[PDB]
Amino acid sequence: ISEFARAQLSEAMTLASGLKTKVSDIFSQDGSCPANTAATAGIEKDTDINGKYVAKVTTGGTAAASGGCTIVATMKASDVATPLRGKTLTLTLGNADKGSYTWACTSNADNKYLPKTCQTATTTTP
């Protein structure tokens, strides 16, 4: 299991996490979710938010009383571990109508490469 692959996803988490306050501020001020396909007040264009392994970081999502805004990092399509190429890592705002805002992490990459708090759970059924 590649620890190099794990670190690449860690970069995506860090870059996505860097937008949490800016996105939460807009949600709390305006009750809306900012979208940065182009630069928008206070947030750079998604493709201008990048790293060594991350192509873009896109804010979006659908607003609900509980939150709903998303920050999605998309991995580069080369010079990245093959199972991560083009994959995404998503932070989603929640809890906004109950208590302190939360940011849940999910991803379409395999759990083996993800931080524990970003992994899905698989169970048997009856």
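The numbering used is simple: start at 1 and walk along the sequence shown.
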- Message: Maximum C-alpha temperature factor per the entry, among 88, 92, 28, 82, belongs to which one?
- Response: 88
- Message: Using only the C-alpha B-factors in the record, can you name which of 75, 64, 71, 33 has the highest?
- Response: 64
- Check where residue 45 lands among this chain's C-alpha B-factors and tell me if it's the lowest, middle or highest third. middle
- Query: Relative to the other modelled residues in the chain, which third contains the C-alpha temperature factor of residue 22: lowest, middle or highest?
  - Reply: middle
- Split the chain's modelled residues into thirds by Cα B-factor; residue 114 lands in the middle
- Message: Based on the deposited C-alpha B factors for this chain, I'd like to know if residue 9 is in the lowest, middle or highest third.
- Response: highest
- Consider only the C-alpha atoms of the modelled residues in this chain, order them by B-factor as the entry records it, and name the third containing residue 52: lowest, middle or highest. middle
